[PDB]
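Here's the structure, in structure tokens; my notes come after.
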Amino acid sequence: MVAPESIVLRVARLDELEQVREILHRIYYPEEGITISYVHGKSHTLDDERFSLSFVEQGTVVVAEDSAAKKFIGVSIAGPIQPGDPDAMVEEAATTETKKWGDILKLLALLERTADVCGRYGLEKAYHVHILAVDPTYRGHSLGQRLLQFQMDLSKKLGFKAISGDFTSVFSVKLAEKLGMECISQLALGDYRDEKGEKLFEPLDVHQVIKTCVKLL
């Protein structure tokens, strides 16, 4: 229902912080398998949001915009990862505002440690897509692929040698593979236990497996 060249992909500017916040609220957090599988509340927290938004000033937040409608219709958030990150995430978890964000941090740390992208390929760091979300209303415009391809092209231009992500739905994994990413590690979300032996995520079968997938750039 929209002219296809009315769709613009670009880096979000710092001054657009609030519109990034808005798209994350509307189309990302309500559908993210990790977030919504959590057994003590499905909504996201402020410390989760603060993390996502910290990347806007770094210039690695990519938006899809309907320029006619002057509206964000897609978003992807990425950042560097490097050895040492998982331990630092666990440390932040001990002091963060919510138990939920602390619990998710520890999950993400496990995903990152297990994947070991930097170790596996001999890198000092890699580019990791934290978030990839598309407004369902704008299906049929290949937005997911375009957002991911944009992050690939961008990180390559910034001198990163690998891009990764944790792909938490069967669709997002298929997209990743389509663009040449190989899934090198995985985790059954239902089977994840923290260091207290507790089961903190209870997913629908659509979000049953999380695959970390990587592509050399």
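Naming works like this for the structure tokens: A, B, ... for the chains as they're shown, residue 1 at the start of each chain, ligands 1 onward in shown order.
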Pull the helix (DSSP H, G or I) assignments for segment 9-208 of chain A out of DSSP run on the backbone, and list those residues as an NGL selection string.
-> :A and (14-28 or 33-37 or 46-53 or 85-95 or 99-115 or 117-121 or 136-138 or 143-157 or 170-178 or 189-191 or 205-207)
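Minimum distance to residue 26 of chain A across A:94, A:134, A:200, A:117 (counting only C-alpha atoms) occurs at A:134.
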State, in Å with one decimal place, the distance from atom CA of residue 69 of chain A to atom CA of residue 18 of chain A.
->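 Atom CA of residue 18 of chain A lies 17.1 Å from atom CA of residue 69 of chain A.
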Nearby residues (only C-alpha atoms) at most 8 Å from residue 79 of chain A, same-chain spacing under 2 positions excluded, as a ChimeraX atom specification | /A:55,60,77,81,127-130
For residue 104 of chain A, please output as an MDAnalysis selection string all residues within 10 Å (counting only C-alpha atoms; exclusion window: fewer than 2 positions along the same chain).
-> chainID A and resid 34:35 38 48 89:90 93 99:102 106:110 200:201
Write the residues you've just listed into a file as a short mmCIF file (atom, residue, chain, number, x, y, z; two decimals), in the first residue's frame, and include C-alpha atoms for each of them.
```
data_model
loop_
_atom_site.label_atom_id
_atom_site.label_comp_id
_atom_site.auth_asym_id
_atom_site.auth_seq_id
_atom_site.Cartn_x
_atom_site.Cartn_y
_atom_site.Cartn_z
CA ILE A 34 13.45 -13.63 24.52
CA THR A 35 11.51 -10.71 25.97
CA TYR A 38 10.26 -14.57 30.21
CA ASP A 48 16.64 -3.10 28.45
CA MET A 89 27.66 -8.50 30.84
CA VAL A 90 27.43 -10.88 33.80
CA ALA A 93 23.69 -8.04 35.50
CA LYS A 99 16.13 -8.78 37.58
CA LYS A 100 14.60 -9.35 34.13
CA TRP A 101 17.26 -7.35 32.29
CA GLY A 102 19.96 -9.02 34.44
CA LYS A 106 23.21 -13.49 31.32
CA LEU A 107 21.42 -15.36 28.55
CA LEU A 108 22.98 -13.13 25.93
CA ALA A 109 26.36 -13.56 27.52
CA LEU A 110 26.01 -17.33 27.28
CA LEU A 200 13.44 -18.44 33.22
CA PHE A 201 12.09 -18.66 29.65
#
```
May I have the residues within 12 Å of residue 53 of chain A as a PyMOL selection string, using only C-alpha atoms and disregarding those fewer than 2 positions away in the same chain?
-> chain A and resi 12-25+46-51+55-62+75-79+130-131
For the selection just defined, write its residues with N, CA and C atoms to a file, as an mmCIF file, in the first residue's frame.
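File written: part-v1.cif
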```
data_model
loop_
_atom_site.group_PDB
_atom_site.id
_atom_site.type_symbol
_atom_site.label_atom_id
_atom_site.label_comp_id
_atom_site.auth_asym_id
_atom_site.auth_seq_id
_atom_site.Cartn_x
_atom_site.Cartn_y
_atom_site.Cartn_z
ATOM 1 N N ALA A 12 20.006 6.094 11.771
ATOM 2 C CA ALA A 12 19.282 7.022 12.646
ATOM 3 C C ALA A 12 20.217 8.050 13.249
ATOM 4 N N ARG A 13 19.769 9.301 13.250
ATOM 5 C CA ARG A 13 20.536 10.382 13.840
ATOM 6 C C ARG A 13 20.258 10.443 15.345
ATOM 7 N N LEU A 14 21.227 10.948 16.093
ATOM 8 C CA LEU A 14 21.078 11.108 17.533
ATOM 9 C C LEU A 14 19.786 11.831 17.912
ATOM 10 N N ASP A 15 19.490 12.927 17.226
ATOM 11 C CA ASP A 15 18.247 13.683 17.466
ATOM 12 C C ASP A 15 16.964 12.889 17.218
ATOM 13 N N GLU A 16 17.078 11.718 16.600
ATOM 14 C CA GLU A 16 15.914 10.874 16.380
ATOM 15 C C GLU A 16 15.752 9.789 17.464
ATOM 16 N N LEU A 17 16.527 9.912 18.539
ATOM 17 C CA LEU A 17 16.461 9.010 19.705
ATOM 18 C C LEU A 17 15.024 8.585 20.017
ATOM 19 N N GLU A 18 14.118 9.552 20.117
ATOM 20 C CA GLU A 18 12.766 9.263 20.579
ATOM 21 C C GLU A 18 11.950 8.486 19.577
ATOM 22 N N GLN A 19 12.220 8.668 18.286
ATOM 23 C CA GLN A 19 11.482 7.914 17.277
ATOM 24 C C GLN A 19 12.023 6.492 17.191
ATOM 25 N N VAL A 20 13.308 6.333 17.508
ATOM 26 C CA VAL A 20 13.881 4.988 17.631
ATOM 27 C C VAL A 20 13.196 4.294 18.819
ATOM 28 N N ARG A 21 13.120 4.985 19.961
ATOM 29 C CA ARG A 21 12.447 4.434 21.143
ATOM 30 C C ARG A 21 11.036 3.970 20.767
ATOM 31 N N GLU A 22 10.337 4.818 20.023
ATOM 32 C CA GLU A 22 8.952 4.546 19.641
ATOM 33 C C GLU A 22 8.811 3.299 18.770
ATOM 34 N N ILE A 23 9.683 3.139 17.773
ATOM 35 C CA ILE A 23 9.571 1.965 16.909
ATOM 36 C C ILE A 23 9.927 0.697 17.690
ATOM 37 N N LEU A 24 10.881 0.801 18.608
ATOM 38 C CA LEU A 24 11.245 -0.364 19.424
ATOM 39 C C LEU A 24 10.061 -0.812 20.268
ATOM 40 N N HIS A 25 9.369 0.151 20.869
ATOM 41 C CA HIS A 25 8.145 -0.125 21.647
ATOM 42 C C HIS A 25 7.075 -0.821 20.812
ATOM 43 N N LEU A 46 13.087 -0.700 31.477
ATOM 44 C CA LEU A 46 13.810 0.522 31.151
ATOM 45 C C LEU A 46 15.303 0.299 30.934
ATOM 46 N N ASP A 47 15.900 -0.621 31.671
ATOM 47 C CA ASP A 47 17.313 -0.874 31.464
ATOM 48 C C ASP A 47 17.577 -1.648 30.167
ATOM 49 N N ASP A 48 16.601 -2.429 29.741
ATOM 50 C CA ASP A 48 16.638 -3.099 28.450
ATOM 51 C C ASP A 48 16.576 -2.038 27.336
ATOM 52 N N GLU A 49 15.580 -1.164 27.408
ATOM 53 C CA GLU A 49 15.494 -0.022 26.500
ATOM 54 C C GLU A 49 16.753 0.863 26.469
ATOM 55 N N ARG A 50 17.286 1.214 27.637
ATOM 56 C CA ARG A 50 18.490 2.045 27.702
ATOM 57 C C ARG A 50 19.652 1.418 26.936
ATOM 58 N N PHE A 51 19.786 0.103 27.050
ATOM 59 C CA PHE A 51 20.822 -0.609 26.290
ATOM 60 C C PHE A 51 20.606 -0.446 24.776
ATOM 61 N N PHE A 55 22.982 2.773 21.281
ATOM 62 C CA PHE A 55 23.691 2.608 20.013
ATOM 63 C C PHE A 55 23.388 3.730 19.031
ATOM 64 N N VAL A 56 22.347 4.499 19.316
ATOM 65 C CA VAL A 56 21.966 5.562 18.412
ATOM 66 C C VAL A 56 23.140 6.531 18.266
ATOM 67 N N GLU A 57 23.743 6.960 19.371
ATOM 68 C CA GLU A 57 24.853 7.910 19.288
ATOM 69 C C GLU A 57 26.106 7.316 18.643
ATOM 70 N N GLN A 58 26.219 5.989 18.648
ATOM 71 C CA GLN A 58 27.342 5.294 18.012
ATOM 72 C C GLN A 58 27.214 5.173 16.486
ATOM 73 N N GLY A 59 26.039 5.488 15.945
ATOM 74 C CA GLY A 59 25.804 5.461 14.490
ATOM 75 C C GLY A 59 25.583 4.084 13.885
ATOM 76 N N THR A 60 25.201 3.108 14.712
ATOM 77 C CA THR A 60 24.957 1.744 14.225
ATOM 78 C C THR A 60 23.506 1.318 14.399
ATOM 79 N N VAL A 61 22.624 2.300 14.416
ATOM 80 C CA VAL A 61 21.205 2.038 14.366
ATOM 81 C C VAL A 61 20.693 2.400 12.982
ATOM 82 N N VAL A 62 20.141 1.408 12.316
ATOM 83 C CA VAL A 62 19.643 1.570 10.954
ATOM 84 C C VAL A 62 18.129 1.554 10.972
ATOM 85 N N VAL A 75 13.629 -1.273 11.891
ATOM 86 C CA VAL A 75 14.813 -0.895 12.681
ATOM 87 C C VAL A 75 15.756 -2.085 12.873
ATOM 88 N N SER A 76 17.042 -1.771 12.839
ATOM 89 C CA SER A 76 18.078 -2.712 13.188
ATOM 90 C C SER A 76 19.149 -2.043 14.033
ATOM 91 N N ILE A 77 19.501 -2.691 15.127
ATOM 92 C CA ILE A 77 20.488 -2.141 16.048
ATOM 93 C C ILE A 77 21.681 -3.085 16.204
ATOM 94 N N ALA A 78 22.868 -2.554 15.979
ATOM 95 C CA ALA A 78 24.069 -3.372 16.005
ATOM 96 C C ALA A 78 25.169 -2.680 16.778
ATOM 97 N N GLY A 79 26.174 -3.447 17.171
ATOM 98 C CA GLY A 79 27.331 -2.911 17.895
ATOM 99 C C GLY A 79 28.498 -3.873 17.874
ATOM 100 N N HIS A 130 22.021 -6.761 17.288
ATOM 101 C CA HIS A 130 21.291 -7.057 18.515
ATOM 102 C C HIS A 130 19.800 -7.167 18.217
ATOM 103 N N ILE A 131 19.338 -6.258 17.374
ATOM 104 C CA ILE A 131 17.937 -6.124 17.050
ATOM 105 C C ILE A 131 17.731 -6.010 15.557
#
```
With only C-alpha atoms as the basis for distance, which of A:111, A:158, A:176, A:143 is at the shortest distance from residue 210 of chain A?
->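 So, comparing all the options, the nearest one is A:111.
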Name all residues at most 12 Å from residue 181 of chain A (count only C-alpha atoms; drop same-chain ones fewer than 5 positions away) and give them as a ChimeraX atom specification.
-> /A:148-149,152,162-167,172-176,211-217
Take the residues from that selection and write them out as a tab-separated table (two decimals), in the first residue's frame, keeping N, CA, C and O atoms.
```
chain	number	residue	atom	x	y	z
A	148	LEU	N	19.09	-6.00	7.12
A	148	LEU	CA	20.25	-6.83	7.42
A	148	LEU	C	21.36	-6.59	6.42
A	148	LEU	O	22.52	-6.46	6.79
A	149	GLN	N	21.01	-6.54	5.14
A	149	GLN	CA	22.00	-6.25	4.11
A	149	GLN	C	22.65	-4.89	4.36
A	149	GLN	O	23.84	-4.73	4.16
A	152	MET	N	25.22	-5.28	7.06
A	152	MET	CA	26.37	-5.95	6.45
A	152	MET	C	27.25	-4.97	5.68
A	152	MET	O	28.46	-4.91	5.88
A	162	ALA	N	33.70	-9.55	10.48
A	162	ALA	CA	32.60	-10.50	10.60
A	162	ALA	C	31.37	-9.81	11.20
A	162	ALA	O	31.51	-8.87	11.99
A	163	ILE	N	30.20	-10.27	10.79
A	163	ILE	CA	28.93	-9.84	11.38
A	163	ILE	C	28.19	-11.06	11.93
A	163	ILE	O	28.18	-12.13	11.31
A	164	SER	N	27.61	-10.92	13.12
A	164	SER	CA	26.83	-11.99	13.72
A	164	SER	C	25.51	-11.49	14.24
A	164	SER	O	25.24	-10.30	14.23
A	165	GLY	N	24.68	-12.42	14.68
A	165	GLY	CA	23.45	-12.11	15.34
A	165	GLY	C	22.93	-13.35	16.05
A	165	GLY	O	23.35	-14.47	15.75
A	166	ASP	N	22.05	-13.13	17.02
A	166	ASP	CA	21.30	-14.21	17.66
A	166	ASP	C	19.89	-14.19	17.07
A	166	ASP	O	19.12	-13.28	17.34
A	167	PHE	N	19.58	-15.19	16.27
A	167	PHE	CA	18.32	-15.22	15.52
A	167	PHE	C	17.31	-16.12	16.20
A	167	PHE	O	17.48	-17.34	16.27
A	172	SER	N	13.61	-15.33	11.12
A	172	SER	CA	14.84	-14.54	11.16
A	172	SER	C	16.06	-15.41	10.82
A	172	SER	O	16.99	-14.93	10.18
A	173	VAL	N	16.05	-16.68	11.22
A	173	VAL	CA	17.15	-17.59	10.87
A	173	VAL	C	17.19	-17.82	9.37
A	173	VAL	O	18.26	-17.83	8.76
A	174	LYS	N	16.02	-18.02	8.77
A	174	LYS	CA	15.97	-18.29	7.33
A	174	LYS	C	16.51	-17.08	6.56
A	174	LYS	O	17.23	-17.24	5.58
A	175	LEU	N	16.16	-15.89	7.02
A	175	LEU	CA	16.68	-14.65	6.44
A	175	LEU	C	18.21	-14.58	6.51
A	175	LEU	O	18.89	-14.30	5.53
A	176	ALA	N	18.74	-14.86	7.69
A	176	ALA	CA	20.18	-14.84	7.94
A	176	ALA	C	20.96	-15.75	7.00
A	176	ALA	O	21.97	-15.36	6.43
A	211	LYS	N	19.47	-19.34	17.30
A	211	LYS	CA	20.67	-19.64	16.55
A	211	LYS	C	21.51	-18.39	16.38
A	211	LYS	O	20.99	-17.34	15.99
A	212	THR	N	22.80	-18.51	16.71
A	212	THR	CA	23.77	-17.46	16.45
A	212	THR	C	24.36	-17.77	15.09
A	212	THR	O	24.81	-18.89	14.84
A	213	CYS	N	24.35	-16.79	14.20
A	213	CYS	CA	24.80	-17.01	12.83
A	213	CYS	C	25.74	-15.91	12.46
A	213	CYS	O	25.60	-14.77	12.92
A	214	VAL	N	26.72	-16.25	11.63
A	214	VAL	CA	27.83	-15.37	11.36
A	214	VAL	C	28.18	-15.38	9.88
A	214	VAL	O	28.02	-16.40	9.20
A	215	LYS	N	28.66	-14.25	9.39
A	215	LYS	CA	29.19	-14.13	8.04
A	215	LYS	C	30.48	-13.32	8.04
A	215	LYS	O	30.55	-12.24	8.65
A	216	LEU	N	31.50	-13.84	7.36
A	216	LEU	CA	32.72	-13.07	7.12
A	216	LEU	C	32.46	-11.97	6.11
A	216	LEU	O	31.76	-12.18	5.14
A	217	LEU	N	33.03	-10.80	6.37
A	217	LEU	CA	32.86	-9.62	5.52
A	217	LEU	C	34.16	-9.25	4.83
A	217	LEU	O	35.25	-9.60	5.30
```
Using only C-alpha atoms, find the one residue out of A:116, A:27, A:180, A:36 that sits nearest to residue 207 of chain A.
->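 Going through A:116, A:27, A:180, A:36 one by one, the smallest distance to residue 207 of chain A is for A:36.
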Quick one: residues within 7 Å of residue 9 of chain A, only C-alpha atoms counted, chain neighbours fewer than 2 positions away excluded, as an NGL selection string?
-> :A and (7 or 62-65)
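Picture a line from atom CA of residue 84 of chain A to atom CA of residue 115 of chain A; it runs 13.3 Å.
Restricting the calculation to only C-alpha atoms, the smallest distance between residue 138 of chain A and any of A:73, A:8, A:105, A:179 is found for A:73.
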Which residue gives the smallest distance to residue 136 of chain A among A:68, A:182, A:40, A:31, with only C-alpha atoms counted?
->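 Nearest candidate to residue 136 of chain A out of A:68, A:182, A:40, A:31: A:31.
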Between atom CA of residue 171 of chain A and atom CA of residue 188 of chain A, distance in Å (one decimal) =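 Calculated distance between atom CA of residue 171 of chain A and atom CA of residue 188 of chain A is 16.0 Å.
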Just the strand (DSSP E or B) stuff from segment 71-128 of chain A, please, per backbone DSSP, written as a ChimeraX atom specification.
-> /A:71-81,126-128
